[PDB]
Amino acid sequence: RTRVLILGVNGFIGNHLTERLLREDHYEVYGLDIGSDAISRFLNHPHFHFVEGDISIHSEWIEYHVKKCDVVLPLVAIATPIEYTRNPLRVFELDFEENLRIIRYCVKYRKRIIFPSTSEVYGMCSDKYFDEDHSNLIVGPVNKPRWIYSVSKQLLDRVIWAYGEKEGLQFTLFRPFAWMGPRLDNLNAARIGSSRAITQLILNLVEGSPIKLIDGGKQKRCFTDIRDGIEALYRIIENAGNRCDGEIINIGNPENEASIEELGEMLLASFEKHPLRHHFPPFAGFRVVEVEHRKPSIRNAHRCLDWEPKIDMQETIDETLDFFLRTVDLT
């Protein structure tokens, strides 16, 4: 059966993908991370194997598991916007340099790599819907250091493309658009997964801090239920008819567009109607402080995966906030 190597498994994507792969009885999951508290349920599973590892510290030990497995998913990256400008060099060394090693491990041993690109790769693209194959990528001048993350992830996509064009590297690049659901990542976790903006809103509700609406909270974002997201990711792993080879696939729900303002009001509404609301501080209000599109084209997901998002916003909003409130440490 197929050996799947998940680097950075102790988190949002690693938990949901491991559960999906383990449901089918033809996958061997090798989850690599420095901890396992977020995937404690799978350690006893006969087809899950935890690997102690850190892609910054380990080289030989990561190379061995790339050769040992069949498909690799490198999910380790600092994907939190405040860190792009605060620690730009650490963001660059981890997200780019360390992952380039794993990429090159995959071409060396002729393994298939399913690499998480970012939706920030489109930047300030003028298209209403972001096309993986046609949309232009627009960023600001280099004196605006916010873009160091978007430009770094883009160069990694191009280097993967070059290895596929020139060294026969089998790859699929997927770009998640605001994934949310049970088991969100930590706000400062160096694991690619849950939409950092929406978990910050829920943290505002849980902690009793106001919801900061940067310049109005009008910039809109298209969020996706992890049930819909992990389903498309699982089908990329399946690679039916090899239709995903060399492809770039957005994985988002373009019918779930909402501004940061509308997100807060939506989460707040579900917040008040929740049975556990009394355990949390009163709502602190919306504060105005000092990229606006981010709608994905999902034709590539239609073509390569026969995938269409099915869950409705209200279901996704209620379930993400519900799971959060019951698993919050009150003591």
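Above this note sits the structure.
**Observations concerning the overall build of the protein**
Logical step 1: Helix and strand content of the protein: ten helices and 13 strands.
Logical step 2: Computed over the C-alpha atoms, the radius of gyration of the protein is 19 Å, within 12% of the 20 Å expected from 2.2 N^0.38 for a compact globule of 331 residues.
Logical step 3: If one aligns the C-alpha atoms of the protein with their principal axes, the spans along those axes are about 55 × 50 × 40 Å.
Logical step 4: In the protein, which comprises 331 residues, the share counted as buried stands at 56%.
Logical step 5: Surface accessibility of the protein: about 15200 Å² in total, with carbon and sulfur atoms responsible for 49%.
Logical step 6: Distance between charge centroids for the protein: 2 Å, based on 41 positive and 49 negative side chains.

**Some points on the environment of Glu-257**
Logical step 1: Along the polypeptide, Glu-257 turns up in strand β12 (residues 257-259).
Logical step 2: Residue class for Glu-257 comes out partly exposed when judged on its relative accessible area of 29%.
Logical step 3: With 35 residues separating them in the primary sequence, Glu-257 and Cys-222 have C-alpha atoms 4.2 Å apart.
Logical step 4: Excluding its chain neighbours within four sequence positions, the residues that come into contact with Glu-257 are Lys-220, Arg-221, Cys-222, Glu-262, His-293, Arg-294, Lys-295 and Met-313.
Logical step 5: Here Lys-295 takes part through its side chain, which lies 2.9 Å from a polar atom of the side chain of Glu-257.

**A look at the nonpolar core**
Logical step 1: Counting 60 residues, the largest nonpolar core has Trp-179, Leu-233, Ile-236 and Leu-305 as the members making the most contacts within it.
Logical step 2: Sorting elements by how many residues they give to this core places helix α7 (residues 226-238) first, with seven residues.

**Focus: the layout of surface pockets**
Logical step 1: Here the second largest pocket is characterised by a volume of approximately 740 Å³.
Logical step 2: For the second largest pocket, the lining is made up of 23 residues, of which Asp-37, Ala-38, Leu-184, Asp-185 and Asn-186 are closest to its centre.
Logical step 3: Taken together, the elements giving at least two residues each to the lining of the second largest pocket come down to α6 (196-207) and α10 (313-326).
Logical step 4: Here the lining of the second largest pocket is built from residues that sort into nine nonpolar, seven polar and seven charged.

**Comments concerning the environment of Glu-265**
Logical step 1: Locating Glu-265 in the fold gives a position in helix α8 (residues 260-272).
Logical step 2: With 64 residues separating them in the primary sequence, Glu-265 and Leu-201 have C-alpha atoms 10.0 Å apart.

**Brief notes about unusual backbone geometry**
Logical step 1: One non-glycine residue, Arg-110, adopts positive backbone phi at about 55°.
Logical step 2: Of note, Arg-110 is situated in the loop between α4 (88-108) and β5 (112-116).
Logical step 3: For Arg-110, a relative accessible area of 71% translates into the label exposed.

**A closer look at the pattern of salt bridges**
Logical step 1: Going through the model one piece at a time under the given rule, you end up with 20 salt bridges.
Logical step 2: Close ionic contact of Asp-131 with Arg-299 constitutes a salt bridge, the shortest N to O distance being 2.7 Å.
Logical step 3: Across the pair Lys-295 and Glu-257 runs a salt bridge whose closest N-O atoms are separated by 2.9 Å.
Logical step 4: Overall, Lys-295 belongs to the buried group, its relative accessible area being 14%.

**Some points on the side chain of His-16**
Logical step 1: In this fold, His-16 is placed in helix α1 (residues 12-23).
Logical step 2: Here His-16 is in contact with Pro-182, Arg-183, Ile-226 and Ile-230, once residues within four sequence places are set aside.

**A short note on α8**
Logical step 1: If you check α8, its first and last C-alpha atoms are 18 Å apart, about what 13 residues at 1.5 Å a residue would give, namely 18 Å.
Logical step 2: All of the buried residues in α8 are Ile-260, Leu-263, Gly-264, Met-266, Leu-267, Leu-268, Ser-270 and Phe-271.

**Regarding the packing of α6 against α8**
Logical step 1: Their axes nearest at 10 Å, the elements α6 and α8 cross at an angle of 45°. In terms of axis orientation, α6 runs oblique to α8. Classified by chirality, the crossing of α8 by α6 is right-handed. Contacts from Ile-198, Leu-201, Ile-202 and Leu-205 in α6 reach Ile-260, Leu-263, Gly-264, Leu-267, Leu-268 and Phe-271 in α8.
Logical step 2: Residue composition of the contact of α6 with α8, by class: nine nonpolar, one polar and no charged.

**Quick look at the sheet that holds strand β4 (residues 71-74)**
Logical step 1: Taken together, the seven strands give an open sheet; going across it, the order is β3-β2-β1-β4-β5-β6-β11, and neighbouring strands pair in parallel fashion. Each having just a single partner strand, β3 (48-52) and β11 (247-251) make up the two edges of the open sheet. The mean angle between the axes of side-by-side strands here comes to 20°, regardless of whether they run parallel or antiparallel.
Logical step 2: Inspection of the sheet shows strand β6 (residues 171-176) paired to β11 by five bridges, in the parallel sense. For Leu-173, the partnering residue across the bridge sits in β11 and is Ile-248.
Logical step 3: With respect to the sheet, helix α2 (residues 60-68) is in contact with β1 (2-7), β2 (27-33), β3 and β4, its orientation differing from that of β1 by roughly 150°.

What counts and how
Residues numbered from 1 in each chain as written, not as in the entry; some residues may be left out. Heavy atoms only, no water. Helix = DSSP H or I, 4+ residues; strand = E, 2+ residues; numbered from the N terminus. Rg over C-alpha atoms; globule rule 2.2 N^0.38 Å. Buried < 20%, exposed > 50% of the residue type's maximum accessible area, 1.4 Å probe, protein only. Areas by Shrake-Rupley, 256 points an atom, 1.4 Å probe, with all protein chains shown as cover. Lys, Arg positive; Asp, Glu negative; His and termini not counted. Charge placed at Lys NZ, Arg CZ, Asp CG, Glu CD. Contact = heavy atoms within 4.5 Å. Polar contact = N/O pair within 3.5 Å; in protein donor to acceptor, adjacent residues only side chain to side chain. Core = buried A, V, L, I, M, F, W, Y, C linked by side-chain atoms within 4.5 Å. 1 Å grid on protein atoms, 1.4 Å probe; cavity = no way out; pocket = protein on both sides within 12 Å on 5 of 7 lines; lining within 4 Å. Points joined across faces, edges and corners; volume = space filled by probe spheres on them. Nonpolar A, V, L, I, M, F, W, Y, C, P; charged D, E, K, R; others polar. Salt bridge = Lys/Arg side-chain N within 4 Å of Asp/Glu carboxyl O. Expected span 1.5 Å × (residues − 1). Axes fitted to C-alpha atoms, helices over the stretch in contact; angles between N-to-C directions. Parallel < 35°, antiparallel > 145°, perpendicular 65-115°, else oblique. Left-handed = near helix turned anticlockwise from the far one by under 90°. Pairing = 2+ DSSP bridges.

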